[PDB]
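pasting the first bit of my complex, frame unchanged:
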Amino acid sequence: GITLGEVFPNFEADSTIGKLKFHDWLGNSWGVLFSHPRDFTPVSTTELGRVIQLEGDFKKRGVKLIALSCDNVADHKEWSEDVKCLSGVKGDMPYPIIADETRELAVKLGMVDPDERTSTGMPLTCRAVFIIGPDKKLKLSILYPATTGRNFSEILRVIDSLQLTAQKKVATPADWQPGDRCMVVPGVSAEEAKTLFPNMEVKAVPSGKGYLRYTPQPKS
C-alpha cells in the first residue's frame, strides 16, 4: 500500500491511449487516479459515466483524470462505448483507462478487493481514489469496495480544500463547502494572523485556548 505524502509510483502501464509513464503523463499538474473492479459491470459504468459528465468540472480546476482496472485494453475500448452512452455526453472518452493486467498496481497501491475475483480466482481492484499533487505526492485517498459506488461531489469538494490549503494558511472544517469560512491553522501566531487574516474571529471555548479561529475563505 501507499501512505499520504509518498511519491506516487512512476509506473509504466498500457492503456486506452497506449503505453504511458505516469509522472510524464501527469506532468506539473493535479491528478486523480481511480480504480474499478471490472469492465462491463453496472456500478462501475454509472461511475465512469458520471466522470464523463463532470469532465468540465475537473478541467476548470486543472485536474487530470485517469481510470484503471485489471481488464485488457480491448475490453476497455469496447466498454467505453457503453460508458459514453450512459453518460449522455457525445464524443470520445475524455480520460484514459489503465490496463493493470499483471496486478502490480493492484498489489502495490493496496487496492485489491476482498470479495471480487475473476472466474479463475485472479485478484481485482476495489473502488480506490488517489489524489496526487503537482509534486507527485499522494495528498488524499479513499478505498471503497466493489459493492459501494463513490460520491464524485465529495471528490470535487476535497479537491477544492486541498487546492486552497496548499496555497493559504488555512484548513477546511467538517462539512465545508467552497465559500464557507475556513479555520486558521494552529501554527499561525496571533501576531502573524493580524496581517494574514484581519477578519478572523477567535471563538471562545471552555479550555481558554485561542485555537478556534475562523476566517472568510481567502481569494486564492
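That came in fine, so what should we check first? Numbers count the residues shown, from 1 in each chain, chains lettered A, B, ... in the order given.

Pick out the residue nearest the middle of chain A.
residue A:131 (3.6 Å; CA atoms, centre = their mean).

can you pull the contacts of that one?
A:30-32, A:138-141, A:155, A:158-159, A:162 (CB atoms under 8 Å, 6 or more residues apart in numbering). C-beta: built from backbone N, CA, C; applies to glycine.

let's see it at 7 Å
A:32, A:139-140, A:159, A:162 (CB atoms under 7 Å, 6 or more residues apart in numbering).

Just say helix, strand or coil for it.
Secondary structure, DSSP: H, G, I helix; E, B strand; the rest coil: residue A:131 is strand.

what does residue A:205 give?
Classification of residue A:205 by three-state DSSP places it in coil.

Quickly note the distance from it to residue A:213.
11 Å (CB to CB, to the nearest Å).

Which one's more surrounded, those two?
Between residue A:205 and residue A:213, counted using other CB atoms under 10 Å, the more crowded position is residue A:213 (20 against 10).

And stretch A:62-81, what's buried?
Using 16 or more other CB atoms under 10 Å as the test for burial, stretch A:62-81 gives A:63-71, A:73, A:75-76, A:79-80.

Specify which member of those is nearest to residue A:103.
Of all those, residue A:103 sits closest to residue A:70, with 6.0 Å by CB to CB.

Please look at that closest one and residue A:126 and confirm they touch.
No. With contact defined as CB atoms under 7 Å, residue A:70 and residue A:126 do not form a contacting pair (11.2 Å).

re the thing from before, could you find the closest non-adjacent residue to the residue nearest to the centre of chain A?
Nearest residue to residue A:131, sequence neighbours excluded (CB to CB, 6 or more residues apart in numbering): residue A:140, at 4.2 Å.

again with residue A:145
Leaving out its chain neighbours, the residue that sits closest to residue A:145 by CB to CB, 6+ apart is residue A:126, at 5.2 Å.

what's that neighbour in contact with, if anything?
Contact partners of residue A:126, counting by CB under 7 Å, 6+ apart, are A:35, A:37, A:111, A:113, A:143-146.

Contacts only, for residue A:183.
Counting by CB under 7 Å, 6+ apart, residue A:183 has contacts A:170-171, A:173, A:213-214.

With residue A:213 instead?
By CB under 7 Å, 6+ apart, the contact list for residue A:213 reads A:183-184, A:200-202.

Tell me, how many residues neighbour residue A:40?
By other CB under 10 Å, the burial measure for residue A:40, its neighbour count, is 12.

Apologies, that question was intended for residue A:4.
So residue A:4, with other CB under 10 Å, has 10 neighbours.

hang on, isn't it packed against residue A:138?
Yes. Assessed by CB under 7 Å, residue A:4 is found in contact with residue A:138 at 5.6 Å.

just to revisit the earlier point, so what pairs up with the residue nearest to the centre of chain A in the strands?
For residue A:131, the beta-bridge partners are residue A:32, residue A:140 (DSSP bridges).

Which residues are in contact with residue A:105?
Taking CB under 7 Å, 6+ apart, we find residue A:105 in contact with A:11, A:68.

The host helix or strand of it: which residues count as buried?
Here residue A:105, judged by DSSP states H and E, is contained in helix A:104-108. For helix A:104-108, a neighbour-count test (16+ other CB under 10 Å) marks A:105-106 as buried.

Around the nearest residue to residue A:6 once chain neighbours are set aside, count how many other residues there are.
Nearest in space to residue A:6, with sequence neighbours left out and distances taken as CB to CB, 6+ apart, is residue A:138 at 5.7 Å. Residues near residue A:138, counting by other CB under 10 Å, number 19.

include chain B as well:
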Amino acid sequence: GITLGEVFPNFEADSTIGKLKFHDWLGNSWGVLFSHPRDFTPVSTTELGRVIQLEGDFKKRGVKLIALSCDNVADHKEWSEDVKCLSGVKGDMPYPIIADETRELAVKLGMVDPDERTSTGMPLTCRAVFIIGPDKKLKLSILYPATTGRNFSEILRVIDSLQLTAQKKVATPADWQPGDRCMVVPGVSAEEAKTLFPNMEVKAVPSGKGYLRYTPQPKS
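Chain B added:
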C-alpha cells in the same frame, strides 16, 4: 497499512474509558474508528462536535464510534469539553477517544499525516476513517490530511450502502442516496435476478450485454 477485507487488529490501547481490547469493546457490532491530528485544534473540534450531533444517526444503524489521536488521555478529557460546547449538545461524551502515544497504531494503520508533526518532529495521525464489520474485517477506509475536514454524511451514506449490500445482491451506483435504486450485482444469473427483483429494468447498451440492471431499492 491495512487493506480491505483484512481482520482489523485486536489492539490494546488506553482511552477516556480506560484500557480497551479492540475486538472486546467492539463486540458483535459495526464500528467506525476515526483519527484526528491533535487535540485543541480547530478543524478537529468541528468534526468531533459534528460526530456528537450525529451520534443518534450512528446509533440507529448500530455503529459503535471511536476516536483517536496521539495525545494523552488527560488532554482528551479537557478538550472533550470544547468539542461538547461547539456541538450544542449537552451531556456526556458519547464515544471514546484512544491515546496512541507510542504511535504504534498510527504506523500499523497507515495513517501518519504527511505534513503535521509535533514541535520536535514526532508523527501525528491524519484524518483517517475505518469502517469495520461485525466480523472484525475492514469494509471501507478513507485517508484525509490535516488540511481537509471530513464529510460525516458521506460516512453515513456509505454505511447505509454497506449495510444494504450485505442483505441483498445489489450494489449502490455513483452518488446513490438511500431510497434510490441500486444495481443488481453482475454475478446474479438472469433467472435469479428475475426471481429476486420483479421491478428490474435491464438498460440496453451498445455492447449488447445485459449487466446494466437496476432495482428500485430492494426490500431492506
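
please look at the contacts of residue A:131 again, because chain B has been put in.
A:32, A:139-140, A:159, A:162 (CB atoms under 7 Å, 6 or more residues apart in numbering or on different chains).

Quickly note the distance from residue A:102 to chain B.
To chain B, residue A:102 is 18 Å away according to CB to the nearest CB, to the nearest Å.

Could I get the full set of helices for chain A?
Along chain A, the stretches classed as helices by DSSP state H are A:22-26, A:42-53, A:55-60, A:73-87, A:104-108, A:152-165, A:193-196.

Give me whichever of the ones you listed is most buried.
helix A:42-53 (a mean of 23; mean count of other CB atoms under 10 Å in any protein chain shown).

Show me the contact partners of that one.
Contacts for helix A:42-53 (CB under 7 Å, 6+ apart): A:36-38, A:65, A:67, A:82-84, A:86-87, A:89, A:94-95, A:149-150, A:152, B:171-175, B:183, B:186, B:211-213.

How far does stretch A:195-208 sit from its chain's centre?
32 Å (CA atoms, centre = their mean, to the nearest Å).

Please apply the same query to stretch A:29-44.
Mean-position distance between stretch A:29-44 and its chain equals 11 Å (CA atoms, centre = their mean).

Equivalent analysis for stretch A:21-32, please.
The chain centre lies 13 Å from the centre of stretch A:21-32; the measure is CA atoms, centre = their mean.

Kindly report the same for stretch A:174-182.
19 Å.

Chain A - how does it break down into domains?
Annotated domains of chain A cover A:1-150, A:151-220 [curated CATH domains].

what's the span of the longest one, first residue to last?
In domain A:1-150, first residue to last residue: 20 Å (CA to CA, to the nearest Å).

would you turn the helices of chain A into a markdown table with distance to residue A:9?
Shown next, in a markdown table, are the helices of chain A (distance: least, CB to CB, whole Å):
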| stretch | distance to residue A:9 |
| --- | --- |
| helix A:22-26 | 7 |
| helix A:42-53 | 22 |
| helix A:55-60 | 22 |
| helix A:73-87 | 20 |
| helix A:104-108 | 6 |
| helix A:152-165 | 20 |
| helix A:193-196 | 37 |
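
Which one of those lies nearest to residue B:14?
Shortest distance between residue B:14 and the helices of chain A, using CB to CB, is found for helix A:152-165: 31.6 Å.

Extract the CA atoms of that closest one and return them as CSV.
Extracted C-alpha coordinates of helix A:152-165, given in CSV (Å, rounded to 0.1, in the frame of the first residue of the first chain):
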residue,chain,number,x,y,z
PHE,A,152,-17.8,12.4,-7.0
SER,A,153,-19.2,15.6,-5.5
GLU,A,154,-17.2,14.8,-2.4
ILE,A,155,-14.2,14.2,-4.5
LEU,A,156,-14.5,17.7,-6.1
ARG,A,157,-15.1,19.1,-2.6
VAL,A,158,-11.8,17.8,-1.1
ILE,A,159,-10.0,18.9,-4.3
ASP,A,160,-11.2,22.4,-3.6
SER,A,161,-10.0,22.0,0.0
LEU,A,162,-6.6,20.6,-0.9
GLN,A,163,-6.1,23.3,-3.6
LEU,A,164,-6.9,26.1,-1.2
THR,A,165,-5.0,24.7,1.8
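
what angle separates that helix from helix A:42-53?
Going by axes from the mean of the first three to the mean of the last three CA atoms, to 10 degrees, helix A:152-165 is angled at 50 degrees with respect to helix A:42-53.

same for helix A:152-165, what does it pack against?
strand A:127-132, strand A:138-144 (3 or more CB pairs under 7 Å, 6 or more residues apart in numbering or on different chains; DSSP states H and E).
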